[PDB]
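>>> Here we go, the starting part of the complex in its complex frame:
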Amino acid sequence: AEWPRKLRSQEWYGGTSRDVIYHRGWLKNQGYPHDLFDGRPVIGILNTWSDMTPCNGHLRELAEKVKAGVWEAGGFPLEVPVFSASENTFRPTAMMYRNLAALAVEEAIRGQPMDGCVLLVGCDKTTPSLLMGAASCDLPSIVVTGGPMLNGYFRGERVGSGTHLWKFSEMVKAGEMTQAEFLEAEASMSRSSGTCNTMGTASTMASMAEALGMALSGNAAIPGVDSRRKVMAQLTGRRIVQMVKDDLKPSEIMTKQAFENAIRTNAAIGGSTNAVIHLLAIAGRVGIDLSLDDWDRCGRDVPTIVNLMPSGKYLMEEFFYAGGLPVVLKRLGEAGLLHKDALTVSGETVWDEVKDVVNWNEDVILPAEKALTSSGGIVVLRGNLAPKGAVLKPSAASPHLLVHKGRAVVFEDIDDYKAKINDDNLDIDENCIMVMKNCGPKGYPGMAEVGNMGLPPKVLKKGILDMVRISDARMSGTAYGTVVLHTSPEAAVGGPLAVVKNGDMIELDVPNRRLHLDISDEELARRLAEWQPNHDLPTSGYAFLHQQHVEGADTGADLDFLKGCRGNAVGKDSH
Amino acid sequence: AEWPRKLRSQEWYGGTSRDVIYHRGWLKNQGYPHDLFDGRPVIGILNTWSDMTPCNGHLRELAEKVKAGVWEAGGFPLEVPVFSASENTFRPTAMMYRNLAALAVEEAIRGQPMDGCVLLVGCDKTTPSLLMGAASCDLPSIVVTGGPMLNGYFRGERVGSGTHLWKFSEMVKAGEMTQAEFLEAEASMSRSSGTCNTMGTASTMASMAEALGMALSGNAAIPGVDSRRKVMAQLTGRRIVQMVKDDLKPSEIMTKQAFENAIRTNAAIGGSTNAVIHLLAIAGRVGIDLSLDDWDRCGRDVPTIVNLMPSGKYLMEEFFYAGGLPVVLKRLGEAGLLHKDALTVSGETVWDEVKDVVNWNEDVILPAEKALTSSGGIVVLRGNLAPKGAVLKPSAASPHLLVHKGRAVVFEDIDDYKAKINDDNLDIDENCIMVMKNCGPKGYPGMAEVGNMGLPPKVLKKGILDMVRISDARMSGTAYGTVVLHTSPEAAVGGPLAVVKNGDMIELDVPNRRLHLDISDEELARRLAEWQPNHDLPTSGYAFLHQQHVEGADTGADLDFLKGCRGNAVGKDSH
């Protein structure tokens, strides 16, 4: 657009109206000079900091750096704290509140006088929610990631916050670790401010925001306690004042090329399984028809070149010294797998920003021939047990179980699981297939991170660490093993997964992308008619709003009345 | 109950197991000693501070005082920012987002491991929302009002925040003031951190939070920049620890009698018309049968003894030095208009706290004989034109217009107001009735503060600043005049207000509580079945959800699915 011009904040603060004197003089009570209401870009800094949100604990001092950058560039920074959904404190799960934060963030952008937004994000659900709310207003926006934690060291051993949680949870069931060790290692597993140090959900979405071009280059892997995270914060504050002037909207950046670049960036790093839902949700808010097919198309024939847990061996620290994500984006461009013309928040193309970077560690960002998997893209398993969709993370999955077929052990609820697994009075062998239902959106409710079902000790005691597992739930970004997620439609909405009976047989074949229940179509309609809903239904509250209006994980698990871009039209005067 | 006991927080941080090590160890990365997770109460400090809400600017500093007060009593203080909506920024109105805040404040209390809540409020819409949320969970809660601003002096003369905005707006249209003299005062009205220095919407709801017992005694009047507000916050942090141990829930405090004292106290202080809605809406979250009839009942024959603007002369400073609210409540106990037995968050009763207080200024807290107005309680006007209800502020109205009967001059919407009222040609005089429609919870939308309609400049120049104004909207607590408000139900829902037309006559009676449109009920009932809404409604978003599940002023303008205390019952585990 053409600068100078009248910005949307001048409806509040510009003029000599009675309503303007009401809005301007009220903000002046905080000690702002008169010329800050002259039309210069007002920048809202959306901070998800909270003491109940420890992966955002350092985000408050980062807001100070953003403000300085906005001051230097001639803007007007204002800090706006928003709903902070974190999976390490919320219950039943932080996922049921992701759209609530997206709803709250949206109304906090449209109703308050801000011309541009800085998204201070960090934890799992912080990044997508603020991207859902900001994309629905289409104001110039930019992302500042909090950063990962430092490497957890326990007795001279590298420990990943998240992956080593499950790994030690089995070594006490299989009989190789005292719960004291599982407790003495608690204080050393998480020892800095930031999110997980594995390629978990927060580390994945931090990379997704950069591959989408919504964050400055290199924002993904800078540790939260690193100095260059504070430099990134102040330079982001400088630029958002320009993005408001040049009118650089999320619609102009998050294009179909950007969403595709993110899907391929997800395979190269071993991205979390949750990156599918969140990218599908953000797409619906912008206007891009991203189908779940686009994940299995762009994800295939793309190797995982990043050697980080859970799929690998190192943590987010070594990923940053090797060069970070810009090295991964160059390696995609070197293989003809990158939209080199995708515009970024910097005004440059994604290629122009990463074409001249160096890989400082080939043991971390591996060469292509030494990748963890020749095609580690998240696969989609269309079939009859999951007609709408089902996903699997191949990089962490066992190679021989990807083609497997066994006897179904069934759990109706998570309490069914959490009662029979520990009981040594069940027919369960290493070649079985655990199946849980009623854990999707409406099921759990909210869809929880319980897809990584723990194996029984009688299987773990032998020395077996992976079994095929199917659920309509999710799992942590730090999880591993052969696990099928997003089994849509879920059980608690009338899906074939709800009528899975014990003893039955399931076929798993990743190559042809088929998860099939070898049962005649005639026996479905009789199974699918004696099914009566079982999940806990809420009578009122926000759970009622979620329940009646949440969509399916094959479409982003959004809220049906929230999908799309509503715009940032300045509302009518408050007086 | 029995202390010691296991609180709801220990469901997160209690003992061993994998889920707890994921919860406790993830929070330890913010530098917390091990013993803080033993079982001592975890106190969530809900802070509505925001750079965008300047009536709350000093609350970060207040939060650190509450933190110190929780460390001293052996607690665990944690700050959790919540959604902040204030009338001085949000558009179209901050009332449309009141339920959104109550929605988020509810779900942040239930999902997160807080044993007790501290409600850091200040602005107009922050006191009810955090009560509509904390009561819907009924967890131990306490209020720390931010504080009002200092008195604004303009050229040596006293000036009220907001009150002198509607007073200088009309003085400009009457030729008695220049817009340039209005601009010069813009920076001298609001000169400290806090809310309006009158008995406005934010000063009223701070008083109710004390007459309801939901805050400490002597809490609604201390200026936000006074040092004794920081003492109030630090001691309010000590009490909530013992409150959690003793399980001092809002249901044990906000009784029908606790509300009864507030409705009467709203008369004695000259409170706003928005305390009606907010007390009606808050009542549902506690499960109490409040009503517009309970307001007229308990409010009738109670005089306003506080001489603050807009009803009187002085500002909130003089009120504080005069003694504050403890004098006004003691004035109602020595007069037999107060339930002295009601319990407060302090562990003592209302009378036990307001017993030995002195009135250090009879010019401010006036005695019975010199009282401002005979019957100062907010009145409720039943009638054919408002069968669901309508309210009026008696202490600020003109006594010669309470029983007026004149021509009706109609404005279809707010745009039909702000286009004709400043025309030289308009069939309106000093005796006409100003009626405006489509300004309710579904019409504006959000029920805005546009009730105090500015008179025609041709009527102001004669020398009169009061005409009967009838609207279905709200108006600020700083507003004045013979304006009947909350005309439930609004126009776009088929209320009989929608059928009024130019030339008609309206009866207004206050001691009889009769708001009457005298036409043939035939002519009425025809216009009802013949009227149609204008269509053009939102098809998605929160503005869509509001248009569907919201209600009317007679109830509390709440969302229908949100009433009722849903309890602090933890859901199920996250993993």
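Thanks, I have the structure now. Residues are numbered from 1 along each chain as shown, chains lettered A, B, ... in the order given.
>>> alpha carbons only for contacts and neighbour counts from here, please
Noted.
>>> For the stretch 101-250 of chain A, which residues are neighbours of chain B?
A:103-104, A:107, A:110-113, A:165-166, A:169, A:183, A:186-187, A:189-193 (CA under 8 Å from any CA of the partner chain).
>>> just checking, which of the residues you listed belong to helices?
Here DSSP state H is the test, and those give A:103, A:104, A:107, A:110, A:165, A:166, A:169, A:183, A:186, A:187, A:189 as lying in helices.
>>> Out of these, which comes closest to residue A:495?
Ranked by distance to residue A:495 (CA to CA), those are led by residue A:103 at 28.3 Å.
>>> show me the contacts for that closest one.
Contact analysis of residue A:103 by CA atoms under 8 Å, 6 or more residues apart in numbering or on different chains lists A:133, A:562, B:542.
>>> As CSV, those residues with neighbour count, secondary structure and distance to residue B:358 would be great.
Below are the contacts of residue A:103 laid out as CSV (neighbours: other CA atoms under 10 Å in any protein chain shown; DSSP: H, G, I helix; E, B strand; the rest coil; distance: CA to CA, whole Å):
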residue, neighbour count, secondary structure, distance to residue B:358
A:133, 27, helix, 52
A:562, 24, coil, 55
B:542, 19, helix, 49
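>>> now those residues as a markdown table including distance to residue A:245?
Putting the contacts of residue A:103 into a markdown table (distance: CA to CA, whole Å) gives the following:
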| residue | distance to residue A:245 |
| --- | --- |
| A:133 | 21 |
| A:562 | 28 |
| B:542 | 29 |
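>>> In terms of distance to residue B:148, which of the residues you listed ranks first?
Nearest member of the contacts of residue A:103 to residue B:148, counting by CA to CA, is residue B:542, at 31.6 Å.
>>> in which helix or strand would I find whichever residue of the stretch 201-350 of chain A sits closest to chain B?
Closest contact between the stretch 201-350 of chain A and chain B, by CA to the nearest CA, is at residue A:285 (11.2 Å). Using DSSP states H and E, residue A:285 sits within helix A:275-286.
>>> Could you point out the helix or strand that follows that helix?
Downstream of helix A:275-286, the first helix or strand assigned by DSSP H and E is helix A:293-299.
>>> please slot chain C in as well:
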Amino acid sequence: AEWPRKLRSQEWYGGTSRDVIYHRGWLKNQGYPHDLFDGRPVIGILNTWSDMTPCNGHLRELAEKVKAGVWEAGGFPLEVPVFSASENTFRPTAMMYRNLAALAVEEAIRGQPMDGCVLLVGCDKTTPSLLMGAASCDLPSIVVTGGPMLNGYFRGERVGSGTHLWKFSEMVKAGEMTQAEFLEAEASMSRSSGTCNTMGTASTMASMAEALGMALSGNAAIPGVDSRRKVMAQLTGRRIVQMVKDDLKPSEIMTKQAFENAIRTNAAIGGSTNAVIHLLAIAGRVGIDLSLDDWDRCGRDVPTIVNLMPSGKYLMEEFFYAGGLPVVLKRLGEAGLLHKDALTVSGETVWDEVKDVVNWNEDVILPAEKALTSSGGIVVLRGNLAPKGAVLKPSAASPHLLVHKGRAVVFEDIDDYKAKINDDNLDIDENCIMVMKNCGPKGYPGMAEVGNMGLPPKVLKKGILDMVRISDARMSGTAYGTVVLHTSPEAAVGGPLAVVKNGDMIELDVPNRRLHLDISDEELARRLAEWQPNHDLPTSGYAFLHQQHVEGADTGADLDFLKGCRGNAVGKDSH
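Once chain C is put in with the chains from before, the structure reads:
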């Protein structure tokens, strides 16, 4: 003593009377409840934080943890910023202002109503100064070291803060590196908040503060950005309350034995040559007869078992994960080189705290056989050239140059160095001795870090990075080489170092402790009585006061009128 009792703070805030109401009521304006002045200990939190001292940048955040730790133990925390001098900013040197800080830190403890002191230190000159001040008052005190930086990685290779600055400076003069490759590393060396990540001047003095017992156990090694530094600070705030009640003064802790463990521990860690001066200077403020002879005595035949730079290989991170200082002190107790009886601020003994600790990395905390150097204690070299003293760092020197004897090449002042050393023509080879004068406490002035003289580029290009360097100055704890330092007394005070001239030969012997200039004592004693200072001295200011009352390295470079504990005896009342 007997708790409860009246502490020195009650002389200010005790009881009634006019002086007290002036003291107590004047502090209440910051929002403090009444009961905090009853008698509970007032804890002054001396914070050396400054935007100018980046090795202390995170101390404000640390101060708030100490505050929380004092509120919990029923104390009264108050933050008092003090003078901060760090080598990375001050000119001509931060040592010239060390006594100035100790002067101000002393007078802020005596004059102000603090019962106990918390010493928030971090940078090089902040640990001794706040000990030289807190001991001169001998009020209950405790140390909270800020913490070292994270390991800096440059192109995948490890890099030491400061150590790789003297290593890349010489590699540039030897043609083995470019100044542009030196500039690129500037931002990858220091990337977190803290001091040098080597065993530098600030990491050494943090270790001494723990071997002296003046800090909690496991306090010198935690990285400043590690979460467990915030736990260390919060618990250090609880202890000082009980420390004040029990009257646990530094005189009861910093015994001759407590110093004796530190002097030996300085060997085991590979400590700096500046721990000598700072322990010598600190000793006077406690009233203990330390000496350069006590250093050679207790340091002789103690090996450096810590493999950190500049003496070894790794950085301070590996030291922390290896176990830290508790392993190094336990290694001296199981070897019979430690007074296990010494008391610490924890209420337990050194052995009681370092008893059950594990060495999680024998490659870092090396065993006796693989130890770095045989006798690693700092040596003291008596002789005709240095009758008052001279020190050497054995673990960093070249073993083939400890017994060198070659030609002396003299530089009159530092300007006479930085003008000839980079000339193609200079009569110096690999066997000459580099001697530089006028760089002591009165010569430079301030005794700067210029001992590690950069070799001539014509000698570096042969492939040798070590030549015998003799100077009366200091050098950083990150420095390396066969450099004899602290050549007391300096030149401008008539030390025999002032008479050395080109062509002369110097004997250096370390196992015999002989630094010898072999000329006719006639030729010596003549040059003494014939030499004159250059005049041109300051005529006013603090640089004048320094030139008069300062001393030499053999004593502690203190101001003469400053030695001795003057007690916490309150003066007389202010009114």
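>>> Send over the helix holding residue A:285 as PDB, restricted to the C-alpha atoms.
The C-alpha coordinates for helix A:275-286 follow below in PDB (Å, rounded to 0.1, in the frame of the first residue of the first chain):
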ATOM      1  CA  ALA A 275       1.500 -30.300  12.800                       C
ATOM      2  CA  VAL A 276      -1.100 -31.700  10.500                       C
ATOM      3  CA  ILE A 277      -4.100 -30.500  12.500                       C
ATOM      4  CA  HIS A 278      -2.700 -27.000  13.200                       C
ATOM      5  CA  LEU A 279      -1.600 -26.400   9.600                       C
ATOM      6  CA  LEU A 280      -5.000 -27.500   8.400                       C
ATOM      7  CA  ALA A 281      -6.700 -25.100  10.900                       C
ATOM      8  CA  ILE A 282      -4.500 -22.100  10.000                       C
ATOM      9  CA  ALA A 283      -5.200 -22.800   6.300                       C
ATOM     10  CA  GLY A 284      -9.000 -22.600   6.800                       C
ATOM     11  CA  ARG A 285      -8.600 -19.200   8.400                       C
ATOM     12  CA  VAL A 286      -6.600 -17.700   5.500                       C
END
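>>> For it, enumerate the helices and strands it packs against.
Counting contacts by 3 or more CA pairs under 8 Å, 6 or more residues apart in numbering or on different chains; DSSP states H and E, helix A:275-286 packs against helix A:126-137, helix A:201-211, helix A:256-269.
>>> can we see that at 6 Å?
In terms of contacts (3 or more CA pairs under 6 Å, 6 or more residues apart in numbering or on different chains; DSSP states H and E), helix A:275-286 is packed against helix A:126-137.
>>> count of neighbours near residue A:548?
Using other CA atoms under 10 Å in any protein chain shown, the number of residues around residue A:548 comes to 12.
>>> Buried residues of the helix holding residue A:285, list them for me.
Neighbour counts using 16 or more other CA atoms under 10 Å in any protein chain shown place A:275, A:276, A:277, A:278, A:279, A:280, A:281, A:282, A:283, A:284, A:285, A:286 of helix A:275-286 among the buried residues.
>>> Give me the angle between it and helix A:256-269.
Inter-element angle recorded for helix A:275-286 and helix A:256-269: 170 degrees (by axes from the mean of the first three to the mean of the last three CA atoms, to 10 degrees).
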